[PDB]
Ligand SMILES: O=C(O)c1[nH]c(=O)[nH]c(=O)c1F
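Here we start with a single chain on its own, the form deposited without this ligand, put down as structure tokens.
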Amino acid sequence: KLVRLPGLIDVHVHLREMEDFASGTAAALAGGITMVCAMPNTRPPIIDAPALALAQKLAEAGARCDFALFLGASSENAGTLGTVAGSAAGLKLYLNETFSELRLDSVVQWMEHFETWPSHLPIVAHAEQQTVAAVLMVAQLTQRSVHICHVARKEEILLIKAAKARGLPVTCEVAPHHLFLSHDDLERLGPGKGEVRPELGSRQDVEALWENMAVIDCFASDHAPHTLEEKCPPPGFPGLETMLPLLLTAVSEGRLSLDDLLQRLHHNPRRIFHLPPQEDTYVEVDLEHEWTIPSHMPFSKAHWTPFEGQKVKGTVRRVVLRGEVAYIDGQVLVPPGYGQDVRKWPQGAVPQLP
């Protein structure tokens, strides 16, 4: 009783740490993900054309699944990315506390990026709490859309819902650690091994996200492969391998339908980021075996998981990527470099007016 799924997409992964493109894309395939969008907050950061060119070739050499690379907004590169913009997955704005190179000091710098970045290309924003309203204002002033990363709070999701009710062009994603973990789990985690940005919400925050599922456009892991030597405080959790099992469990419990899952892990990611189809690509999952999330998942070099102990009822059994078996019951069979940059495909270009 296996279910055939399409090639799933994770539009928010941090791959360059111990973790690398090869180790990260392996976790992706083990999670049923055939396409990933890597964030620009690496060392060095992807905030210029030379850095993007290098990262794109390192990924094409190490990635086991297909990918696109985000460009990062900085205090100095507004108006300079116009030539390479189309080659990136989009532009990422880090609006809360972050690294010096990706730190935007004023909302004026936000507006300058919204005005300079090509209007047809995606813009993504890490915006927590009131920052969600502020960035929506900037998007309105510039008359363009914006995608809100990892919505984690009732405050945020209800704000987006009000924006959508008024016809504003806003989309948003939600991560599994904000749908299946809460503050009560900070007692079984602590300040270390628990520090995430946005922080884990209250039970009311988790409940609000589930109640407003219709407002959620995409699911995305926000896979941040930090080791526990680091966490125990860099923010982020690993989640590429736990995402689909957790969500399939929710589908088996009647919390959401299979279509809801597929809309949010396939169709909506494609239409928001204009990511191309993957020919002869599919995932096969088994929903008849219940297991408990171990202390660490097999592939992610993070060597730990915040979902340890949770009972799940779904397993990725097989992943075929562009005609080749890429994953089978605990073994990745495509080598580092099988993955391709989807923005270099002819169908991976974002259509624009002349």
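Residue numbers run from 1 along the displayed sequence.
One more form of this protein exists, namely the form deposited with this ligand bound; it is left out here, but the text below deals with it.
Would you mind picking out the stretch of 195-203, 76-84, 157-165, 266-274 that comes within 4.5 angstroms of this ligand in the bound PDB entry, counting non-hydrogen atoms? In short, 195-203.
Determine whether any heavy atom of residue 235 comes within 4.5 Å of a heavy atom of this ligand in the bound PDB entry, and answer yes or no. So residue 235 counts as contacting this ligand.
Examine residue 126 and determine whether its closest non-hydrogen atom to this ligand in the bound PDB entry is within 4.5 angstroms. Taking the distances in the bound PDB entry, the answer for residue 126 is yes, it comes within 4.5 Å of this ligand.
Is it the case that residue 153, even though its partner is missing from this view, gets within 4.5 Å of this ligand in the bound PDB entry, heavy atoms only? Looking in the bound PDB entry, residue contacts with this ligand do not include residue 153, since no heavy atom lies within 4.5 Å.
Non-hydrogen atom contact residue 224 with this ligand in the bound PDB entry at 4.5 angstroms: Answer yes; at least one heavy atom of residue 224 falls within 4.5 Å of this ligand in the bound PDB entry.
Contact residue in the bound PDB entry, chosen from 56, 315, 305, 41 - any heavy atom within 4.5 Å of this ligand: Of the candidates 56, 315, 305, 41, 41 is the one lying within 4.5 Å of this ligand in the bound PDB entry.
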